[PDB]
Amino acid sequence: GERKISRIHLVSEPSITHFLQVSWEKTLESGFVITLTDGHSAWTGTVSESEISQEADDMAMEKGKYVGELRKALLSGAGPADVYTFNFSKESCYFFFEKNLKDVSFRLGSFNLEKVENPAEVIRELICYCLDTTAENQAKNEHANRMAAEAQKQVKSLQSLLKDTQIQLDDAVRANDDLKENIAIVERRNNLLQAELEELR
């Protein structure tokens, strides 16, 4: 499947950066695993397709749009706009977040995240993912750069060749115009000469 790891700010624990890892198979709508960690402990919960539907109708908003909101809130980086606000109770292990508008805010979602017994394993796997992804993109970046450089050389050569050929074509066209002019002239002369000869014979 695929995953997105983001920096998150919890109102309840405001002085340190927390990390939110969300993973899903093909789409977020199919359901997803959501993990929260502070670099020491880790809380994990699973949200099902039906639970997404449930949360969507509790707010009387269309399911698809709600999934879009889930994407913007959970899968992106929270900017200065402060559109979304995040809270987590370590007692109830309940994770809830609001959307902020002008002059009003409403709860956009909430889920239970069970404290894991193996936080270090989760953290190691997370870091490993980041390392692997970096490596993969670095290799792909080199190949892409190789291909780009090669293609760019070919582009310059092809530009030159195309231009030269275009010039030759223009020359040939002008030549063709002049030639048709001359054939007309010479054929007209031929008619007149035959005429002269016939009238004199």
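Numbers for residues come from their place in the sequence shown, where the first is 1.
When the mean C-alpha temperature factors of 168-176 and 53-61 are read from the deposited coordinates, 53-61 comes out higher. As the entry records it, the average C-alpha temperature factor is higher for 179-187, out of 16-24 and 179-187. Highest CA B-factor among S30, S41, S157, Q138, as stated in the entry: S30. Sort the chain's modelled residues by C-alpha temperature factor and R124 lands in the lowest third, per the entry. Annotation for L131: CA B-factor lies in the lowest third of the chain's modelled residues. In this PDB entry, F95 carries a Cα temperature factor that places it within the middle third of its chain's modelled residues. For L74, the recorded CA B-factor ranks within the lowest third of the chain. Only modelled residues enter the ranking. Residue-level temperature factors show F86 in the lowest third of its chain, judged at the C-alpha atom.
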